[PDB]
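Let me begin by presenting the structure, written as structure tokens, before commenting on it.
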Amino acid sequence: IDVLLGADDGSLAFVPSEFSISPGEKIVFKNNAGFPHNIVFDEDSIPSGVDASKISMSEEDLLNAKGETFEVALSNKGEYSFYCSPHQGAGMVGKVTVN
Ligand SMILES: [Cu+2]
């Protein structure tokens with residue numbers, strides 16, 4: 001599943017921002033507009049026992065170039081909340097459910 005980082009109208013949003021996947025299904029987060037961006041899973045809003053570092057950028061890491069991606073497949077079932085650190089208060093957040 002492809003997820004745009006920044007909308008095609010320049011809005012600081014993940015597109016889509018809420019979605020569901022199965023285990024092992026690729027997520028490709030792709031810089032689109034308004035970059036740099038990143039994608040950080042909130043350590044306190046992911047499934048039991050999951051290591052956020054296996055699946056996340058750090059808050060310091062950035063995708064700097066249009067078209068640059070961060071790819072992650074999730075395994076464990078449950079809800080995962082994530083955000084773009086520099087744009088979180090602007091609303092650049094999302095939630096993926098693995099079922
Ligand atoms: Cu951002």
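In the structure tokens, the first chain shown is A, the next is B, and so on; residue numbers restart at 1 for each chain, and ligands run from 1 in the order shown.
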
- Show me which residues sit within 7 Å of ligand 1 when counting only C-alpha atoms and all ligand atoms, and put them as a ChimeraX atom specification. /A:5-6,12,34-38,84-87,92

Next, the residues of the selection above should be written as a short mmCIF file (atom, residue, chain, number, x, y, z; two decimals), in the first residue's frame with N, CA and C atoms.
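The resulting file, result.cif, is shown below:
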data_model
loop_
_atom_site.label_atom_id
_atom_site.label_comp_id
_atom_site.auth_asym_id
_atom_site.auth_seq_id
_atom_site.Cartn_x
_atom_site.Cartn_y
_atom_site.Cartn_z
N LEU A 5 3.31 11.18 1.63
CA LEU A 5 3.74 12.07 2.69
C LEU A 5 3.57 13.48 2.11
N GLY A 6 2.51 14.13 2.57
CA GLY A 6 2.04 15.39 2.02
C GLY A 6 1.05 15.09 0.90
N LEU A 12 -0.23 19.00 4.89
CA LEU A 12 0.68 18.15 5.66
C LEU A 12 -0.12 17.00 6.28
N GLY A 34 5.84 19.12 0.70
CA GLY A 34 5.99 19.65 2.04
C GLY A 34 7.09 18.95 2.87
N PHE A 35 7.92 18.13 2.21
CA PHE A 35 9.03 17.46 2.84
C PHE A 35 10.08 18.46 3.24
N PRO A 36 10.99 18.16 4.16
CA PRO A 36 11.20 16.83 4.76
C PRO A 36 10.03 16.36 5.63
N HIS A 37 9.89 15.04 5.63
CA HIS A 37 8.93 14.32 6.50
C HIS A 37 9.65 13.12 7.11
N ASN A 38 9.00 12.55 8.15
CA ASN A 38 9.38 11.21 8.56
C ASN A 38 8.09 10.47 8.97
N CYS A 84 4.30 12.08 11.70
CA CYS A 84 5.49 12.75 11.18
C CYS A 84 5.95 13.73 12.26
N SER A 85 7.17 13.54 12.78
CA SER A 85 7.56 14.33 13.94
C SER A 85 7.50 15.84 13.72
N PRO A 86 8.09 16.41 12.64
CA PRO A 86 8.06 17.89 12.54
C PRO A 86 6.69 18.45 12.30
N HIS A 87 5.76 17.63 11.84
CA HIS A 87 4.42 18.10 11.46
C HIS A 87 3.30 17.53 12.31
N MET A 92 -0.31 15.89 11.01
CA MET A 92 0.24 14.84 10.15
C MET A 92 0.49 13.58 10.99
#

- Message: Give me, as a PyMOL selection string, all polymer residues having an atom no more than 10 Å from residue 30 of chain A, counting only C-alpha atoms and skipping those fewer than 6 positions away in the same chain.
- Response: chain A and resi 2-6+14-15+37-38+63+65-71

Write the selection just made, keeping N, CA and C atoms, as a compact mmCIF listing (two decimals), in the first residue's frame?
# COMPACT_ATOMS: atom_id res chain seq x y z
N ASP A 2 0.63 2.15 -0.90
CA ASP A 2 1.38 3.37 -0.97
C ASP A 2 0.70 4.45 -0.14
N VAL A 3 1.51 5.18 0.61
CA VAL A 3 1.01 6.28 1.45
C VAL A 3 1.79 7.53 1.10
N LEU A 4 1.10 8.58 0.65
CA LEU A 4 1.78 9.83 0.32
C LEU A 4 2.10 10.61 1.60
N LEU A 5 3.31 11.18 1.63
CA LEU A 5 3.74 12.07 2.69
C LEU A 5 3.57 13.48 2.11
N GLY A 6 2.51 14.13 2.57
CA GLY A 6 2.04 15.39 2.02
C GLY A 6 1.05 15.09 0.90
N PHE A 14 -0.72 12.43 5.83
CA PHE A 14 -0.52 11.11 5.21
C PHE A 14 -1.79 10.79 4.38
N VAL A 15 -1.58 10.28 3.16
CA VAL A 15 -2.73 9.97 2.29
C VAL A 15 -2.59 8.53 1.80
N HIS A 37 9.89 15.04 5.63
CA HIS A 37 8.93 14.32 6.50
C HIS A 37 9.65 13.12 7.11
N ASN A 38 9.00 12.55 8.15
CA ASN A 38 9.38 11.21 8.56
C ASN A 38 8.09 10.47 8.97
N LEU A 63 13.21 12.01 5.57
CA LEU A 63 13.20 11.81 4.11
C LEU A 63 13.27 13.19 3.51
N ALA A 65 13.97 14.11 0.00
CA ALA A 65 13.88 14.31 -1.45
C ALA A 65 12.47 13.90 -1.90
N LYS A 66 11.89 14.61 -2.87
CA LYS A 66 10.65 14.18 -3.46
C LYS A 66 10.83 12.76 -4.01
N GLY A 67 9.88 11.84 -3.70
CA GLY A 67 9.93 10.49 -4.19
C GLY A 67 10.70 9.53 -3.32
N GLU A 68 11.43 10.05 -2.33
CA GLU A 68 12.14 9.19 -1.39
C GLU A 68 11.12 8.43 -0.54
N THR A 69 11.44 7.19 -0.17
CA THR A 69 10.49 6.38 0.56
C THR A 69 11.09 5.80 1.83
N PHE A 70 10.15 5.42 2.70
CA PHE A 70 10.42 4.55 3.83
C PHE A 70 9.45 3.39 3.72
N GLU A 71 10.01 2.16 3.60
CA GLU A 71 9.20 0.98 3.45
C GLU A 71 9.24 0.19 4.74

- Message: Can you pull out every residue from chain A that DSSP, working from the backbone, puts in strand (DSSP E or B), and format the result as a PyMOL selection string?
- Response: chain A and resi 2-5+14-15+18-21+26-31+37+40-41+63+69-73+78-83+93-98

- Query: If you count only C-alpha atoms, which residues fall within 8 Å of residue 39 of chain A, apart from same-chain ones fewer than 6 positions away, as a PyMOL selection string?
  - Reply: chain A and resi 29+56-59+70+82-85

Write the residues of the preceding selection, restricted to N, CA and C atoms, as a JSON list (two decimals), in the first residue's frame.
[["chain", "number", "residue", "atom", "x", "y", "z"],
["A", 29, "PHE", "N", 5.84, 4.51, 2.36],
["A", 29, "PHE", "CA", 5.57, 5.90, 2.63],
["A", 29, "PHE", "C", 6.46, 6.74, 1.70],
["A", 56, "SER", "N", 10.13, 1.81, 12.50],
["A", 56, "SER", "CA", 9.98, 3.26, 12.54],
["A", 56, "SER", "C", 11.21, 3.95, 12.07],
["A", 57, "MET", "N", 11.06, 5.17, 11.56],
["A", 57, "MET", "CA", 12.15, 6.12, 11.55],
["A", 57, "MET", "C", 12.33, 6.68, 12.95],
["A", 58, "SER", "N", 13.51, 7.16, 13.26],
["A", 58, "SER", "CA", 13.62, 7.94, 14.50],
["A", 58, "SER", "C", 13.01, 9.31, 14.23],
["A", 59, "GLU", "N", 12.76, 10.07, 15.30],
["A", 59, "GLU", "CA", 12.24, 11.42, 15.13],
["A", 59, "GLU", "C", 13.29, 12.34, 14.45],
["A", 70, "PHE", "N", 10.15, 5.42, 2.70],
["A", 70, "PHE", "CA", 10.42, 4.55, 3.83],
["A", 70, "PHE", "C", 9.45, 3.39, 3.72],
["A", 82, "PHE", "N", 0.90, 6.38, 14.31],
["A", 82, "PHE", "CA", 2.13, 6.94, 13.82],
["A", 82, "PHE", "C", 1.95, 8.41, 13.50],
["A", 83, "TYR", "N", 3.10, 9.08, 13.29],
["A", 83, "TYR", "CA", 3.08, 10.51, 13.04],
["A", 83, "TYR", "C", 4.35, 10.89, 12.30],
["A", 84, "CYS", "N", 4.30, 12.08, 11.70],
["A", 84, "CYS", "CA", 5.49, 12.75, 11.18],
["A", 84, "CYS", "C", 5.95, 13.73, 12.26],
["A", 85, "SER", "N", 7.17, 13.54, 12.78],
["A", 85, "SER", "CA", 7.56, 14.33, 13.94],
["A", 85, "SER", "C", 7.50, 15.84, 13.72]]

- Query: What does the distance from atom CA of residue 97 of chain A to atom CA of residue 77 of chain A come to in Å, to one decimal?
  - Reply: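 Separation between atom CA of residue 97 of chain A and atom CA of residue 77 of chain A: 7.4 Å.
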
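Candidate residues A:33, A:90, A:7, A:40 were compared for distance to residue 61 of chain A, and the nearest is A:40, using only C-alpha atoms.
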
- Which of A:46, A:22, A:93, A:31 sits closest to residue 62 of chain A [using only C-alpha atoms]: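 Using only C-alpha atoms, the shortest distance to residue 62 of chain A belongs to A:31.
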
- Determine which residues of chain A receive a DSSP assignment of alpha helix (DSSP H), computed from the backbone, and state them as an MDAnalysis selection string. chainID A and resid 52:55

Selection: 12 Å around residue 98 of chain A, only C-alpha atoms, excl. self and same-chain fewer than 3 positions, as a PDB file with N, CA, C and O atoms, in the first residue's frame:
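Dumped to out33.pdb:
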ATOM      1  N   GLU A  18      -5.658   6.615   7.669  1.00  0.00           N
ATOM      2  CA  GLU A  18      -6.181   5.452   8.373  1.00  0.00           C
ATOM      3  C   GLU A  18      -6.392   4.353   7.349  1.00  0.00           C
ATOM      4  O   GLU A  18      -7.023   4.568   6.309  1.00  0.00           O
ATOM      5  N   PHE A  19      -5.842   3.187   7.636  1.00  0.00           N
ATOM      6  CA  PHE A  19      -5.973   2.067   6.724  1.00  0.00           C
ATOM      7  C   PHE A  19      -5.681   0.764   7.483  1.00  0.00           C
ATOM      8  O   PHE A  19      -5.127   0.795   8.589  1.00  0.00           O
ATOM      9  N   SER A  20      -6.105  -0.340   6.871  1.00  0.00           N
ATOM     10  CA  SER A  20      -5.862  -1.667   7.418  1.00  0.00           C
ATOM     11  C   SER A  20      -5.072  -2.514   6.396  1.00  0.00           C
ATOM     12  O   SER A  20      -5.248  -2.376   5.175  1.00  0.00           O
ATOM     13  N   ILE A  21      -4.224  -3.339   7.034  1.00  0.00           N
ATOM     14  CA  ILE A  21      -3.396  -4.261   6.252  1.00  0.00           C
ATOM     15  C   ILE A  21      -3.377  -5.662   6.916  1.00  0.00           C
ATOM     16  O   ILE A  21      -3.910  -5.828   8.019  1.00  0.00           O
ATOM     17  N   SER A  22      -2.795  -6.632   6.159  1.00  0.00           N
ATOM     18  CA  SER A  22      -2.524  -7.966   6.702  1.00  0.00           C
ATOM     19  C   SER A  22      -1.055  -8.086   7.071  1.00  0.00           C
ATOM     20  O   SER A  22      -0.203  -7.369   6.606  1.00  0.00           O
ATOM     21  N   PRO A  23      -0.771  -9.131   7.876  1.00  0.00           N
ATOM     22  CA  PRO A  23       0.681  -9.319   8.186  1.00  0.00           C
ATOM     23  C   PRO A  23       1.579  -9.465   7.000  1.00  0.00           C
ATOM     24  O   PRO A  23       1.232 -10.173   6.058  1.00  0.00           O
ATOM     25  N   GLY A  24       2.760  -8.787   7.066  1.00  0.00           N
ATOM     26  CA  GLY A  24       3.770  -8.851   6.040  1.00  0.00           C
ATOM     27  C   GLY A  24       3.504  -7.989   4.843  1.00  0.00           C
ATOM     28  O   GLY A  24       4.343  -7.932   3.913  1.00  0.00           O
ATOM     29  N   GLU A  25       2.310  -7.351   4.683  1.00  0.00           N
ATOM     30  CA  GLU A  25       1.974  -6.450   3.542  1.00  0.00           C
ATOM     31  C   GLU A  25       2.828  -5.174   3.596  1.00  0.00           C
ATOM     32  O   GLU A  25       2.837  -4.442   4.583  1.00  0.00           O
ATOM     33  N   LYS A  26       3.504  -4.865   2.483  1.00  0.00           N
ATOM     34  CA  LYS A  26       4.361  -3.735   2.377  1.00  0.00           C
ATOM     35  C   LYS A  26       3.509  -2.431   2.597  1.00  0.00           C
ATOM     36  O   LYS A  26       2.398  -2.296   2.033  1.00  0.00           O
ATOM     37  N   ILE A  27       4.120  -1.436   3.370  1.00  0.00           N
ATOM     38  CA  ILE A  27       3.676  -0.058   3.354  1.00  0.00           C
ATOM     39  C   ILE A  27       4.848   0.743   2.800  1.00  0.00           C
ATOM     40  O   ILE A  27       5.957   0.657   3.320  1.00  0.00           O
ATOM     41  N   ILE A  46       1.387   1.001  19.978  1.00  0.00           N
ATOM     42  CA  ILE A  46       1.572  -0.103  19.056  1.00  0.00           C
ATOM     43  C   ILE A  46       1.352  -1.382  19.863  1.00  0.00           C
ATOM     44  O   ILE A  46       1.323  -1.359  21.100  1.00  0.00           O
ATOM     45  N   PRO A  47       1.205  -2.519  19.140  1.00  0.00           N
ATOM     46  CA  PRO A  47       0.848  -3.797  19.771  1.00  0.00           C
ATOM     47  C   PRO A  47       1.868  -4.393  20.765  1.00  0.00           C
ATOM     48  O   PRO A  47       3.070  -4.040  20.740  1.00  0.00           O
ATOM     49  N   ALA A  73       7.059  -3.414   6.478  1.00  0.00           N
ATOM     50  CA  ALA A  73       5.962  -4.341   6.645  1.00  0.00           C
ATOM     51  C   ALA A  73       5.753  -4.560   8.130  1.00  0.00           C
ATOM     52  O   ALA A  73       6.713  -4.674   8.891  1.00  0.00           O
ATOM     53  N   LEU A  74       4.495  -4.594   8.545  1.00  0.00           N
ATOM     54  CA  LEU A  74       4.174  -4.906   9.961  1.00  0.00           C
ATOM     55  C   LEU A  74       3.786  -6.398  10.053  1.00  0.00           C
ATOM     56  O   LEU A  74       3.332  -6.992   9.038  1.00  0.00           O
ATOM     57  N   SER A  75       3.964  -6.944  11.263  1.00  0.00           N
ATOM     58  CA  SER A  75       3.691  -8.370  11.471  1.00  0.00           C
ATOM     59  C   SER A  75       2.542  -8.549  12.495  1.00  0.00           C
ATOM     60  O   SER A  75       1.490  -9.161  12.281  1.00  0.00           O
ATOM     61  N   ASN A  76       2.757  -8.050  13.642  1.00  0.00           N
ATOM     62  CA  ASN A  76       1.850  -8.313  14.751  1.00  0.00           C
ATOM     63  C   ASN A  76       0.528  -7.659  14.518  1.00  0.00           C
ATOM     64  O   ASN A  76       0.432  -6.498  14.068  1.00  0.00           O
ATOM     65  N   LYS A  77      -0.537  -8.376  14.859  1.00  0.00           N
ATOM     66  CA  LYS A  77      -1.891  -7.846  14.723  1.00  0.00           C
ATOM     67  C   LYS A  77      -2.209  -6.793  15.785  1.00  0.00           C
ATOM     68  O   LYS A  77      -1.772  -6.898  16.931  1.00  0.00           O
ATOM     69  N   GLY A  78      -2.977  -5.781  15.390  1.00  0.00           N
ATOM     70  CA  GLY A  78      -3.399  -4.702  16.298  1.00  0.00           C
ATOM     71  C   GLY A  78      -3.262  -3.354  15.643  1.00  0.00           C
ATOM     72  O   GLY A  78      -2.928  -3.200  14.467  1.00  0.00           O
ATOM     73  N   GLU A  79      -3.541  -2.334  16.449  1.00  0.00           N
ATOM     74  CA  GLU A  79      -3.506  -0.952  15.995  1.00  0.00           C
ATOM     75  C   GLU A  79      -2.142  -0.315  16.228  1.00  0.00           C
ATOM     76  O   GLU A  79      -1.521  -0.501  17.273  1.00  0.00           O
ATOM     77  N   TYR A  80      -1.691   0.440  15.235  1.00  0.00           N
ATOM     78  CA  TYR A  80      -0.414   1.152  15.292  1.00  0.00           C
ATOM     79  C   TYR A  80      -0.643   2.624  14.965  1.00  0.00           C
ATOM     80  O   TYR A  80      -1.017   2.960  13.836  1.00  0.00           O
ATOM     81  N   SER A  81      -0.408   3.505  15.927  1.00  0.00           N
ATOM     82  CA  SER A  81      -0.479   4.936  15.681  1.00  0.00           C
ATOM     83  C   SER A  81       0.882   5.480  15.287  1.00  0.00           C
ATOM     84  O   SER A  81       1.867   5.096  15.865  1.00  0.00           O
ATOM     85  N   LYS A  95      -3.105   6.096  11.580  1.00  0.00           N
ATOM     86  CA  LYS A  95      -3.237   4.828  12.342  1.00  0.00           C
ATOM     87  C   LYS A  95      -3.471   3.713  11.332  1.00  0.00           C
ATOM     88  O   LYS A  95      -4.387   3.782  10.497  1.00  0.00           O
TER      89      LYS A  95
END
